[PDB]
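Colleague: What shape does this take:
(one chain, ligands or ions: 1)
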Amino acid sequence: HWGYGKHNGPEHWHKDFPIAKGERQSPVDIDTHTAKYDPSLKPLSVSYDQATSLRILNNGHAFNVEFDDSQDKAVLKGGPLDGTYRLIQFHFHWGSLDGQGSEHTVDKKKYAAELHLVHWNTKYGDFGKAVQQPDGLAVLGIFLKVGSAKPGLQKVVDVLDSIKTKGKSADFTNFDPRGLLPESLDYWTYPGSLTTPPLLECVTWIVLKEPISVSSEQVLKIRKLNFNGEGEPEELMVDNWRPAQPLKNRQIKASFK
Ligand SMILES: [Zn+2]
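Modeller: Numbering: from 1, shown residues only. Sure, structure below:
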């Protein structure tokens, strides 16, 4: 099945998931000079004060920090979005080296990693139904670069030892995702897809301009995770990113000048 290896990586995904070559695939390169300021975009509303994290899971391609999305507790609205989108999970993509790891790029620049906070449109009732709709999901993407430590990430880093291998999960309550946001909410937005199979074209992408900084020790612990299950040969979980896909008939809008 699909992964990020030489024989099952992004260049092979189209064989099982033909939409891999579709008209609104993600991620993409963000050409900053071509993105147009759109004054009709509203400010983004990130309301995570009542967020309820539950669990952290190594699913064999990343780790997801999962939230209780059975009520409006952590929601995204405004910006390009109509209606209310509930936080279901966040995860990261990252590299084997600091010079790569992000899925989106900015004028071809790759960051060390990229955070995805995944939200689904409540008008569709559940996540399974939402992914079947062109406006079913809103993903907030945040770049990571390596420098000073991010304090609000440390809690995540320190639980990774307990979910080293595929299929392992651990209780992860009372985590506050506000600790992962940069200072500025300036963003680019465009219509796109999930960046993992099934690659459904159901996402409004909201990519923040300002990266967060994490420490070399922080990213080094992320790179100790495994793609494999326990008792299987160790393959380090690194370079779990899909490269940039053709923009085709899409415009990237900026929230800022
Ligand atoms: Zn992702």
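Colleague: Pull the distance from stretch 248-257 to the chain's centre.
Modeller: 19 Å (C-alpha atoms, centre = their mean, to the nearest Å).
Colleague: Can you show me the helices along the protein?
Modeller: The residue ranges that make up the helices of the chain, judged by DSSP state H, are 13-16, 127-130, 154-159, 216-222.
Colleague: ok, now which ones touch the nearest residue in space to residue 148 that is not next to it in sequence?
Modeller: Taking C-beta to C-beta, 6 or more residues apart in numbering as the measure, residue 148 lies nearest to residue 213, with 5.0 Å between them; neighbours along the chain are not counted. The C-beta positions use only the backbone N, C-alpha and C, and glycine is treated the same way. Contacts were defined as C-beta atoms under 8 Å, 6 or more residues apart in numbering; by that measure residue 213 touches 144-150.
Colleague: Write down the beta-bridge partners of residue 213, one by one.
Modeller: Beta-bridge partners of residue 213, counted by DSSP bridges, are residue 145.
Colleague: shift numbering so it begins at 254
Modeller: Sounds good: first residue 254 from here, last item residue 466.
Colleague: got the helices of the chain as JSON lines, with mean neighbour count and distance to residue 349 columns?
Modeller: Shown next, in JSON lines, are the helices of the chain (neighbours: other C-beta atoms under 10 Å; distance: least, C-beta to C-beta, whole Å):
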{"stretch": "helix 266-269", "mean neighbour count": "14", "distance to residue 349": "20"}
{"stretch": "helix 380-383", "mean neighbour count": "16", "distance to residue 349": "31"}
{"stretch": "helix 407-412", "mean neighbour count": "17", "distance to residue 349": "17"}
{"stretch": "helix 469-475", "mean neighbour count": "16", "distance to residue 349": "10"}
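Colleague: what's the closest of the ones you listed to residue 307?
Modeller: Within these, the stretch nearest residue 307 is helix 407-412; the backing value is 12.8 Å (C-beta to C-beta).
Colleague: if I look at the residue nearest to residue 401, how far off is residue 361?
Modeller: When distance is defined by C-beta to C-beta, to the nearest Å, residue 466 is 21 Å away from residue 361.
Colleague: Please pick the buried ones from the contacts of residue 466.
Modeller: Buried subset of the contacts of residue 466 (neighbour count, 16 or more other C-beta atoms under 10 Å): 397-399, 403.
Colleague: Which of these sits closest to residue 313?
Modeller: residue 397 (21.4 Å).
Colleague: Please identify the nearest residue in space to that closest one, excluding sequence neighbours.
Modeller: Setting aside the residues directly before and after it, residue 397 is nearest to residue 366 in space (C-beta to C-beta, 6+ apart), at 4.0 Å.
Colleague: Quick check: bridge partners of the one you found?
Modeller: Going by DSSP bridges, residue 366 is paired in beta bridges with residue 347, residue 397.
Colleague: Next, the contact list for it, please.
Modeller: With contacts defined as C-beta under 8 Å, 6+ apart, the neighbours of residue 366 are 345-348, 354-355, 396-397, 467, 472, 475.
Colleague: dump the residue contacts of the residue most central in space within the chain.
Modeller: Ranked by distance to the mean C-alpha position of the chain (C-alpha atoms, centre = their mean), the top residue is residue 369 at 1.9 Å. For residue 369, the set of contacting residues under the criterion of C-beta under 8 Å, 6+ apart consists of 343-346, 392-394, 448.
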